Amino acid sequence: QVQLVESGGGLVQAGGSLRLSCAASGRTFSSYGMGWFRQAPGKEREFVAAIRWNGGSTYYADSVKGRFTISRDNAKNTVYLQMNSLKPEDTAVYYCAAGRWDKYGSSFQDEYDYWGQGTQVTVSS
């Protein structure tokens, strides 16, 4: 099992950069694809990025392709989200998630069993 704790959220200027972290407890990390999701005010939670158990195979939403990267420390059982060229429309709560998918379904919320509290990111105009 996995308990997920986000961190690194906060205030940031438009055009700015911010790196989110997510600590995953448990000892079966290598069975889990990891993912980042976000939910803005008055809107349904949406996919941002994900990374396979191998720590190198990544997946991105079209809205952050070219701007964001996702990475993963398999020894520390952590994942990170590097954000760049942030816009006001990226303002949301960002969630770390884990699921036992391998290659497929990483963009769908229903493929993740475990979710973090989420952390707030606000991008000022």
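Sequential numbering from 1, following the sequence displayed.
In this entry, 6 to 14 shows the higher mean Cα temperature factor of the pair 6 to 14 and 99 to 107. In this crystal structure, the stretch out of 52 to 60 and 23 to 31 whose C-alpha atoms carry the higher mean B factor is 23 to 31. For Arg72, the recorded CA temperature factor ranks within the middle third of the chain's modelled residues. Compared with the other modelled residues of the chain, the Cα B-factor recorded for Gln82 ranks in the lowest third. Placement of the Cα temperature factor of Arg38 within the chain: lowest third of the modelled residues, per the deposited record.
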